[PDB]
Structures are given as structure tokens and as C-alpha cells.
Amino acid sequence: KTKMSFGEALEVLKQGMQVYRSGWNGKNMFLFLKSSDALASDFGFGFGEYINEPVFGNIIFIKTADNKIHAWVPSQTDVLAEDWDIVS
């Protein structure tokens, strides 16, 4: 009960909080969930020309120590791990 399951971490992400695994080899990495922005477009955010442009759905990002943001690919250990926590 000290650290969480991936499922609980999912729930925290879905609430809008950031989440990370202590097991991760490093610091200042964490996940966050960008909810669907329909304003995001190839023609610049908020300046979409076509009404049926595809909409970005939810995306989970991983922010790395490089201060970079990538789309997160959940690894099998990540989804089975039990060392998830909230960043604060």
C-alpha cells in the first residue's frame, strides 16, 4: 500500500496527475495524460481549415530527464510493476 499498481496509477493519470515508477533507471521522468484536443492541427493549433480533420485523442506522454516529451509505450514490466507513485 506504500506504492501503487499500474491500474491505480492509470486512475491517477486519468485524474490528471503525473505518475512514475521508482524502478525506472533515473530521475525526473514521469507520465502525464494529454486529453483529446480537437484544436490541434497540421495547420497550427486552433487554426484548422477542414471540419473533418482527424482529432488527436488522449495521449500519454513521458517526460524524460532530457526535458523531452515523447509518446509513452507501456512496457510489460511497467504495466505489471507495483512501484508506481505520484510525482510531487
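One rule holds for the numbers: they count along the sequence shown, beginning at 1.
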| query | finding |
| --- | --- |
| Flanks modelled, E53 absent in at least a third of other entries | yes |
| Missing coords for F43 in a third or more of other PDB entries | yes |
| Which of 36-44 and 53-61 has higher mean CA B factor, as the PDB entry lists it | 36-44 |
| Comparing 5-13 with 20-28, the one whose average Cα B-factor in the PDB entry is higher | 20-28 |
